[PDB]
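[1] sequence, then structure. It's an experimental one.
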Protein chains: 4
Amino acid sequence: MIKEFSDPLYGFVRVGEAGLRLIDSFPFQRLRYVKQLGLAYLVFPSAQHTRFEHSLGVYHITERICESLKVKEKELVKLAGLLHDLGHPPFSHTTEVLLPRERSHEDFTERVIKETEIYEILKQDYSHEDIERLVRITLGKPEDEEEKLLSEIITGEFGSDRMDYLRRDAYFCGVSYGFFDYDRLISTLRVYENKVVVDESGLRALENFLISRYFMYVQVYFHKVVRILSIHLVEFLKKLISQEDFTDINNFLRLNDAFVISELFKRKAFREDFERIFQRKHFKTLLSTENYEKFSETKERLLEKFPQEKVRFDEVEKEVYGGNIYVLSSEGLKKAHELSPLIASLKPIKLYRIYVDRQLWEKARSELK
Amino acid sequence: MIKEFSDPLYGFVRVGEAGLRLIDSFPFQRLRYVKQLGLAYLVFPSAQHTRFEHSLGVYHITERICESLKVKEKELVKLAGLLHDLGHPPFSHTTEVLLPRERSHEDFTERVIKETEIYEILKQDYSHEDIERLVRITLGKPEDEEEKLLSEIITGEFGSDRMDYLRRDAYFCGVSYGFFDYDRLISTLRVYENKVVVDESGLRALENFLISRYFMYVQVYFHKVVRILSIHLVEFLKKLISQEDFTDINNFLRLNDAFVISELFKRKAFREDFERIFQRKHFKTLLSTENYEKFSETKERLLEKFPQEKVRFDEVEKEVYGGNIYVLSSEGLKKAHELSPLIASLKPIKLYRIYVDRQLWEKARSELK
Amino acid sequence: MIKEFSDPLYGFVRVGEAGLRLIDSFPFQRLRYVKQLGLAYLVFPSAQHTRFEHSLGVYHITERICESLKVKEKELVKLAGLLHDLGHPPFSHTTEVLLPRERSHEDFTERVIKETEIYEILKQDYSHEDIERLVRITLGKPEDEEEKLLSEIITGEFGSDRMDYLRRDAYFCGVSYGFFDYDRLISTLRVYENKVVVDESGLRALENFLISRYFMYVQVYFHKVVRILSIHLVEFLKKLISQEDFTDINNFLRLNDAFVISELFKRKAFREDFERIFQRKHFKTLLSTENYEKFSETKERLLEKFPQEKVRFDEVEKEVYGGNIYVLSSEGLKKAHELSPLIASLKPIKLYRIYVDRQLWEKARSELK
Amino acid sequence: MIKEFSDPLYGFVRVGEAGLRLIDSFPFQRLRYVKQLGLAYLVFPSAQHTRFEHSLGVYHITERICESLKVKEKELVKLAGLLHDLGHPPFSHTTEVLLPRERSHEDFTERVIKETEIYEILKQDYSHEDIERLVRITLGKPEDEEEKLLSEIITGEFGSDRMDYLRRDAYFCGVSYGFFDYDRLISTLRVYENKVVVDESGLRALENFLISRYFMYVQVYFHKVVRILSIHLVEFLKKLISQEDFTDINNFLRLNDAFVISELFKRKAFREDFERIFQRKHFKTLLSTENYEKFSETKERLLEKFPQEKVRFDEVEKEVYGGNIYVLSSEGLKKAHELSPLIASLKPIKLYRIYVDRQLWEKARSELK
Ligand SMILES: Nc1nc2c(ncn2[C@@H]2O[C@H](COP(=O)(O)OP(=O)(O)O)[C@@H](O)[C@H]2O)c(=O)[nH]1
Ligand SMILES: Nc1nc2c(ncn2[C@@H]2O[C@H](COP(=O)(O)OP(=O)(O)O)[C@@H](O)[C@H]2O)c(=O)[nH]1
Ligand SMILES: Nc1nc2c(ncn2[C@@H]2O[C@H](COP(=O)(O)OP(=O)(O)O)[C@@H](O)[C@H]2O)c(=O)[nH]1
Ligand SMILES: Nc1nc2c(ncn2[C@@H]2O[C@H](COP(=O)(O)OP(=O)(O)O)[C@@H](O)[C@H]2O)c(=O)[nH]1
Ligand SMILES: [Br-]
Ligand SMILES: [Br-]
Ligand SMILES: [Cl-]
Ligand SMILES: [Cl-]
Ligand SMILES: [Cl-]
Ligand SMILES: [Cl-]
Ligand SMILES: [Cl-]
Ligand SMILES: [Cl-]
Ligand SMILES: [Cl-]
Ligand SMILES: [Cl-]
Ligand SMILES: [Cl-]
Ligand SMILES: [Cl-]
Ligand SMILES: [Zn+2]
Ligand SMILES: [Zn+2]
Ligand SMILES: [Zn+2]
Ligand SMILES: [Zn+2]
């Protein structure tokens, strides 16, 4: 009826019968073989956590938020959270790689829910219409204001998805700045005018959350080496799937880290990809800057001199505060930046990197600056 | 010879023989009877830590920083850290009330070191000249470059004094928002051009340190009730020291928290002081705002209707980053804001408060809206 | 209506209107001036926490346990927990000192509840009969099986009193072994046959709790120096109160740490007490042993040779597991030691100490072993 | 020259050039593909940590212990710590299945060090003789007293190997019951009479270490489902290595977790193995008891009615304290139980389990009661 799972992020996650049935299905079990952070373990060696544990964590936090917000459709929203990652391919930024292969561009999460045993499991407790609702909610495609609130609980600025992965990524990578008082923040959330908002008692908790998110992006998600390994990985994965066909969902489901890593370790047609990823031959950071003009002028000089195939450019950006968070004050709604100098200080992260083939690095360095 | 003291911040603090002799003296033991945060325990109940434990913590953090920086004169700077608080008067913001009531203005820390057994104790290990250098170092008044480096270790922006109190204040108040473990920050410190600077590998640790400091200010030091209690206390302390004579250092040494409180709890002349501070009859916050114009305008309308005696004003304007921290880059020494857009962007804290006698509070409220 | 208090042990403690009224009374405020651990700060310098914060913590944990156990009289039990320490005198083991003074030997907690403004505050919400019930519950003097369950929630083996002070004492003294997963233990508690019992899912949590309790006793409560300072303190306090009269409860209420410490610091008739406690002249540990026979034979030799006034003996004992804890298993109640080798291993702590005047220590050492 | 690796257990692990050259070799990188705890992640989902991170942690803890103990041959013992796992075969309890399938029985750790690039790498820094000493030290087979001391640092009861895995296993499994920070224990270690011993000031830290180890055994290593999964895995692994030839070391090196799992997930011969391990069809626990007689009697009645193939038995009998740890007292060297009644009293863990095919489980249950 209820089973407990140890999770070092929370203590224990209690899961009821519907979640357990889903957990034991083949598509959910597959997530144990998909690292949350892809190749990041090559930089942060303890980053071994998988999408399976993250999905359990999302279910847990979704439950907590639904409890705090007194949401009526609690069980349906918890399952939406649990199943949020079913269609995630192995690695980072590789949904954009898979989608253009299949003719429909149908989201893989929607497909795994509707085309596998997951669909049958859900029907035990829900109508097909409620299942369509859970698909909209989990994919962030609400059709009305009711679904919008429920979807925000998982995918919003305070969503259970983000709350779990920020803390889980911090815990495994070893980044103490990524922790925030999730418990206190959840307790200060309110529904107001069909929005999830923060009570003014939660203003420090909100600051801490936004700042923790800043640290995770600068330290881990935008780490210069994590990014170039991902660049090499995606170029490889583009080749591997180039003639693969996803009309059969089982060709998606057979995609896990090990499958891709094995093709890389064994086929000699991919030796170059293999070296760039696994033998420390990734292109080397020539420039990392917050100054777009400096980046652009260096990029231009390099491309005048070096062939394009020997360089890579990466422009990364993330709003730390997107201007759309309300704080419920004594005098009604206000925007968080009106009340917080810290939130008021927050600007988008903008980082520009140039990487070069290890053979040309010295030449590119001296003949360019 | 070497004794260990339990300290929940650090595990144990190990102290050598010179430090123990100093710890055992009466002017150091006095610090056990002066709360680090004065009356803050009336708002944050667990803020019971004293200047005694803080001083042991400063000694321990000074040791650590000297170890990281490979400082020659380690023992002397450790002792300068240890004795840094000898001249502190009970509660907060009290130095400025005692100095005018003393003819020459001499710093009480220097007086306690020179006019009590502390001097004889230090003379066992240090020359007359090194004791004068210890005094300058501890007061932040160096006369040369060696003294300036050593003084920076204790009193600088991330000096051992601040590193200990920010962490200890958070630990005892219960402030779960900052990350307060500066082991990483300490490890990335360097001496360059005779300054304590941060290596670029410590940029994130420096960001975390400045954010943790912002949280302590907004949550604790500038808490609106903490501030009004201190306003009441300081008014009283001035009456109590109308014209006390500090020519005899023992009249300073007898000032501890219990002495001040007893003088209050007992005398019928000081009854309204007692009520405002200890019977929860402090002036009530009418306005707390970040807008100087709203403050100025409310102050005007208010002083039209009510007498000055029945109101108190408080202006807090505090820099979260002072523009004077160096980071050692591969390109040489930079200002921290030159390398961290986030630090470059941290805004100052600006808060304006108006407090009114609790009897007139409802009267003042509706008469202003 | 609800006020939040920061407590580093829990985050925030939320207190309703009845608790707030009680908190702001003179007898509850007095507890801010009574250190939980008495003179232990002379050994563990950060042990500055007071009975005021402990009482708030007891209220908080009582609420949590009542919630987990679905107790009907939740509010009355929470207040019983909040008011549990009202009659605690300053220091350790000094209730046994005060009781024989007053003619009635009435418990001081009962007296403070019934003879001060506390009584009037409680009547706002409860009948005098319910107030008598709260007195029985808080003092562990239940009159029937209903009251017995409620009283166990506060004063039992898993009581909220113990759960708070073990963790609070660990947090402030700096003893990491004294922490246990209080949250998990509370969640596995059950009421069965009018007893608080532990579900079998909580068996590890129970082991951890009992072991944490072991560490606190060996490291802190029975620390050899903590004990001899308490021995000197109690002998002093016996003198101070010898002719004091407690028929007026205000003579109890004026007893706080500062009052006693001041009599000690200022009256020269007590110079010897003062030195033994505050000038490092406490009797020195000559023998500390688990072997009663070795203790007894050494005690006899010393008393043949030295006058009794120059030695002190201390026999300390504590059951770590008292054989009276039930675990609700699949096949009904069992005793914890049937299921746990760790609990099965636990024997009473038995420690025997001899202390001697610092003048006779060397003579006692050589002329005795 | 010196590189830093994030490790959530320690902050960062700093490695010098000899260690980096070893870390970058293929036999060391293999360890990234072998989970520390085998199949435990099927019960404790976050148990994803690998032998790679564990080996870096052993290197780091070895460094720390050499620093505390002032060990001359620090670099050599650190490298012995680093390479300790080179010969580990994927999953748990697998050494004993590989050794009989290899003619001479030579330890695979020694083979990997001598028969791969590891040897050439070590020869850059160490003589032929020091490499033979490193091998003995790491295998716990010393030939003299220096080698024995160094080997104790890694493989002893509180060796760096155990200190790291107990803490790392707790951190990733989520075991909140022990205290697993052994900084204090390390600081109290001494070398006496050429043994690693504990100073009496570390008696409590030693008690905590042994209790923390008890918790890991009862909660994780002896978890009834963890044990049955390993029983199924080991039966399969034996079939897979019926007669594989390990004369070529590359046939050992190609054994990682994914290789074993692939061999299973794919071949139709191994289908019931696959189901028992990966499709939650493991034999179900019929009996778990501490009573050998109940075990023996249930085993008998059971084997009367059901065939051997449909049942599995497991006997676990593990010493929580082995009687062979020394504590340096003021009276000289003692056994730990001579000084700690609690350690003297810790009982062994004894657990007997009977598991049955999940089809026959209800049939076996009521036929036995
Ligand atoms: N060399 C090496 N570094 C690793 C490994 N795993 C994690 N790391 C860390 O991640 C970083 C990888 O960057 P690297 O490829 O060496 O390029 P770098 O930025 O010039 O040092 C290193 O600095 C290490 O701190 C590993 O297996 N080998
Ligand atoms: N009333 C009261 N509040 C306390 C006490 N100790 C700490 N606090 C905390 O102090 C804060 C504000 O106190 P209060 O005097 O009631 O000011 P106000 O509520 O802002 O008008 C609240 O967070 C209380 O939780 C106490 O003894 N009495
Ligand atoms: N000397 C000294 N020790 C203190 C003080 N506060 C805490 N301690 C600690 O508590 C212990 C007190 O014991 P002490 O009176 O010195 O007798 P000891 O057991 O022989 O060291 C010391 O070992 C210190 O670790 C203090 O003010 N002075
Ligand atoms: N059913 C199931 N349990 C899991 C899984 N991963 C971890 N667990 C935990 O594994 C434990 C026991 O698993 P199970 O196979 O159901 O054995 P049983 O419940 O004791 O018969 C429970 O604590 C689960 O919470 C999973 O994928 N499926
Ligand atoms: Br569920
Ligand atoms: Br209440
Ligand atoms: Cl939680
Ligand atoms: Cl990736
Ligand atoms: Cl995010
Ligand atoms: Cl010293
Ligand atoms: Cl103050
Ligand atoms: Cl809590
Ligand atoms: Cl005491
Ligand atoms: Cl107790
Ligand atoms: Cl090295
Ligand atoms: Cl295994
Ligand atoms: Zn997600
Ligand atoms: Zn200070
Ligand atoms: Zn209590
Ligand atoms: Zn190992």
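    Done, it's in. Numbering: from 1, shown residues only, chains lettered A, B, ... in the order given. Ligands and ions are numbered 1, 2, ... in the order given.

[2] in three-state terms, how would the closest residue to residue A:177 other than its chain neighbours be classified?
    In this structure, residue A:177 finds its nearest non-sequential neighbour in residue A:215, 3.7 Å apart by C-beta to C-beta, 6 or more residues apart in numbering or on different chains. C-betas here are computed from N, CA, C, even on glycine. Per DSSP: H, G, I helix; E, B strand; the rest coil, the local secondary structure of residue A:215 is helix.

[3] give me the number of residues near residue A:215?
    A count of nearby residues for residue A:215, using other C-beta atoms under 10 Å in any protein chain shown, gives 23.

[4] hmm, it is touching residue A:180, no?
    No. With contact defined as C-beta atoms under 8 Å, residue A:215 and residue A:180 do not form a contacting pair (9.7 Å).

[5] buried ones in stretch A:180-187?
    By 16 or more other C-beta atoms under 10 Å in any protein chain shown, the buried positions in stretch A:180-187 come out as A:180-182, A:184-187.

[6] which ones are touching the closest residue to residue A:53 other than its chain neighbours?
    Once flanking residues are discounted, residue A:53 sits nearest to residue D:45: 4.7 Å by C-beta to C-beta, 6+ apart. For residue D:45, the contact set (C-beta atoms under 8 Å, 6 or more residues apart in numbering or on different chains) comprises A:5-7, A:32, A:52-53, A:56.

[7] where does the stretch 101-250 of chain A come near ligand 6, residue by residue?
    The stretch 101-250 of chain A comes close to ligand 6 at no residue, as judged by C-beta under 5 Å from the ion.

[8] show me where the stretch 101-250 of chain A has its strands.
    Taking DSSP state E, counting those that start in this stretch, the strands of the stretch 101-250 of chain A run over residues A:189-192, A:195-199.

[9] can you tell me how far residue A:108 is from residue A:234?
    16 Å (C-beta to C-beta, to the nearest Å).

[10] more neighbours: the two, which one.
    More crowded of residue A:108 and residue A:234, by other C-beta under 10 Å: residue A:108, with 21 against 16.

[11] now render the contacts of residue D:45 as TSV, adding secondary structure and neighbour count.
    What follows is those, written out as TSV (DSSP: H, G, I helix; E, B strand; the rest coil; neighbours: other C-beta atoms under 10 Å in any protein chain shown):
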residue	secondary structure	neighbour count
A:5	strand	21
A:6	strand	20
A:7	strand	20
A:32	helix	17
A:52	helix	22
A:53	helix	27
A:56	helix	25
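
[12] report the two of the residues you listed separated the most.
    Between any two of these, the greatest separation by C-beta to C-beta is 15.1 Å, found for A:6 and A:32.

[13] neighbours around the residue nearest to residue A:74 when sequence neighbours are not counted, how many?
    Closest residue to residue A:74 apart from its sequence neighbours, by C-beta to C-beta, 6+ apart: residue A:66 at 4.2 Å. Neighbour count for residue A:66, taken as other C-beta under 10 Å: 21.

[14] how close does residue A:66 sit to residue A:133?
    With C-beta to C-beta as the criterion, residue A:66 and residue A:133 are 15 Å apart.

[15] and if you look at residue A:89?
    25 Å.

[16] now do residue A:305
    Taking C-beta to C-beta, one finds residue A:305 at 56 Å from residue A:133.

[17] and the two? which has more neighbours close in?
    residue A:133 (22 against 13).

[18] domain assignment for chain A?
    A:1-281, A:282-369 (curated CATH domains).

[19] can you say which of these is nearest to residue D:222?
    domain A:1-281 (15.0 Å).

[20] that closest one near ligand 2 anywhere?
    No. Figure legend: domain A:1-281 not in contact with ligand 2 (C-beta under 6 Å from any ligand atom); closest approach 10.3 Å.

[21] what residue in the stretch 201-350 of chain A comes nearest to ligand 11?
    residue A:204 (21.8 Å; C-beta to the ion).

[22] surely that residue meets residue B:217?
    No. Assessed by C-beta under 8 Å, residue A:204 is found out of contact with residue B:217, at 11.3 Å.

[23] quick one, what contacts the residue of the stretch 201-350 of chain A closest to ligand 11?
    B:177, B:215, B:218-219.

[24] go back to the buried residues of stretch A:180-187 and keep what's next to chain C.
    By C-beta under 8 Å from any C-beta of the partner chain, the members of the buried residues of stretch A:180-187 lying near chain C are A:181, A:184.

[25] mind listing what the closest residue to ligand 6 within the stretch 1-150 of chain A touches?
    Of all residues in the stretch 1-150 of chain A, the one sitting closest to ligand 6 is residue A:68 (21.2 Å; C-beta to the ion). By C-beta under 8 Å, 6+ apart, residue A:68 lies in contact with A:186-187, A:189.

[26] sounds good, over and out.
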